[PDB]
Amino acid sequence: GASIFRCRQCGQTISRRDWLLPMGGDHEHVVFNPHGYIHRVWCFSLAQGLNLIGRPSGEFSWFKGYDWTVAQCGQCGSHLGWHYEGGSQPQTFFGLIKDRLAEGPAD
């Protein structure tokens, strides 16, 4: 039972442990926004249940080569992280904020 990652606010299924993706040799990145707020971000190859908000941006990306878009939970609107695109190996992935996910057993 790969564990399941749900939205912490509502419980919607978002991703799974077996979809964790090492970027830079690690699937966990401790990063901060340009205001100096820390986020602990886990990278996933795939995710479901998310809505993308806005257009992609290249500014301030944590991951070289990728442009990003805000990702919210499609059920409750919680800001769960970001979708990345435009790169290679992989072309796209998700960076999700660990503390906004709740990891647990399958249904």
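Throughout, we count residues from 1 along the sequence that is shown.
The question of which stretch, 16-24 or 95-103, has the higher mean Cα B factor is settled in favour of 16-24. Of the two segments examined, 34-42 and 76-84, it is 34-42 that shows the higher average Cα temperature factor in the deposited entry. In this PDB entry, residue 61 carries a Cα temperature factor that places it within the middle third of its chain's modelled residues. Placement of the Cα temperature factor of residue 51 within the chain: middle third of the modelled residues, per the deposited record.
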